[PDB]
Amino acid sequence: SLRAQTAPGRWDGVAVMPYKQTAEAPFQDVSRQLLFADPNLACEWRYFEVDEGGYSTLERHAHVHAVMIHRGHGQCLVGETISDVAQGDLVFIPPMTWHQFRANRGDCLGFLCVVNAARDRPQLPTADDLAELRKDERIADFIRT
């Protein structure tokens, strides 16, 4: 099968699903698209798009993420490290490592994400976790809840 790209981050036969934005939401202006999932494929391949100014939810989990930036640019926190990310960049997120993506560089930020089909659910930071992370000033300034 062929599903042609029709615009940056858009494809024929792939539906854009925005995440429902509630006042309490730990994320801002994010959508998801399912590019590949099949009973014979052990992983699922998605594309997430963070509107300009937005961010993905700060979280951690046992399952790893293989990410490639697909559209725009921005920044990410992985563990202790805040990186600039641009089109094509490869980010590996190892187990139980805090992470968050921000479209904080004047553009939207879209990335491919490959994860195992069988995986644990995300864990959000407790009050304690946030105090731990805010011991680093750079991280305190960067993170969004």
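Each residue number is its position in the shown sequence, starting from 1.
In this entry, 101-109 shows the higher mean Cα temperature factor of the pair 33-41 and 101-109.
Averaged over their C-alpha atoms, the temperature factors of 112-120 and 23-31 are higher for 23-31. Sort the chain's modelled residues by C-alpha temperature factor and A7 lands in the highest third, per the entry. The deposited CA B-factor of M96 belongs to the highest third of values across its chain. Among the modelled residues of its chain, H65 has a C-alpha B-factor that falls in the middle third according to the deposited record. Annotation for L90: CA B-factor lies in the lowest third of the chain's modelled residues.
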